[PDB]
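Here we start with a single chain on its own, the form deposited in one PDB entry, put down as structure tokens.
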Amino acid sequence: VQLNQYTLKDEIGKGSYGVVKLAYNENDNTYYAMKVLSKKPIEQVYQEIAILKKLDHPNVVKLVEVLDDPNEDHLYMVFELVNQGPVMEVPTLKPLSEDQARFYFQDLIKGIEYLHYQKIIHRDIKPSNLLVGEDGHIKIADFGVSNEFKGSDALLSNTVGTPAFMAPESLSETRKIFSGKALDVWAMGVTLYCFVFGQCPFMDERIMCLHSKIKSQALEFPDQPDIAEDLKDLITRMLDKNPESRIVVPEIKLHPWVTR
């Protein structure tokens, strides 16, 4: 099963986009992650490639090349392999320790800060898009619904990403305008909660009820495991339902739980 210089091996990830397969480059004798899509708009895929091309940071994945045959339904995006895979699956019954979560969250901060400087809102931050590399550090993946903006922030009206991680101000259903950086902070907060608890803070298999909880259910902490007050404060500040008072990234950097 060959595609120019790449030999497609087993599937390593999966999603609505298609699949990611391990891949072997015969030229340089090296494994890569191959994202395979099937046209079925396709514009959005090319928006991601444009964003990805501009990105160069240790906590962000690296697109290597794009293989697009006008006469083939499949479109191939070659990424550098982040060899240990997602940092966790949600839900799990073995969440990370605080110090493990702190370690990874520190990577998340650096990556998100870089993307915002580069004027990219990620919009699909979640533990399964945080890939763990050879040195144990996280790289941010799946820019499938990211936005680029001009100015100091994005002014958005569309609702995309993973539902359990969407921010309440993006679920208005009246097409209201909301700012972009605070959407990534919210999802970072859901993510950190997942790190330590192994489940999202707002769950419901009915989508209406999931939206309702995100918009109107006060954040609740499980008795177990008994996490630190300063970590509760940080998650509480990141999951502030009012994006105007929600904690910003420069404050997250300085937060007591992050710096200890």
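The first residue of the shown sequence is 1; numbering continues from there. Note that the rigid core is defined as the largest set of C-alphas that superpose within 1.5 Å between two forms. Shifts are known only where both forms have a C-alpha.
The segment from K40 to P41 is interrupted, since 10 or more residues of the deposited sequence in that interval carry no coordinates. For the segment pair 104-112 and 87-95, the entry gives 87-95 the higher mean B-factor, averaged over Cα atoms. Annotation for 113-121 versus 70-78: the higher mean temperature factor (C-alpha) is found in 70-78. Taking only the listed residues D135, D153, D142, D184, the entry reports the highest CA temperature factor at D135. Annotation for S146: CA B-factor lies in the lowest third of the chain's modelled residues. In the deposited entry, the Cα temperature factor of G198 sits in the middle third of values across the chain's modelled residues. Annotation for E244: CA B-factor lies in the middle third of the chain's modelled residues.
The PDB entry assigns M34 a C-alpha temperature factor belonging to the middle third of its chain's modelled residues. Per-chain ranking of the deposited C-alpha B factor places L254 in the middle third.
Absent from the display: the form deposited in another entry. The rest refers to it.
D99: CA moves less than 2 Å between the shown form and the other one after rigid-core fitting. Residue displacement note: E148 has its CA displaced by under 2 Å between the shown form and the other one (rigid core superposed). Once you line up the core between the shown form and the other one, the Cα of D233 stays within less than 2 Å of where it was.
Segments of at least three consecutive residues in which every Cα is displaced by 2 Å or more between the shown form and the other one, once the core is aligned, are found at 38-40, 69-74, 173-176.
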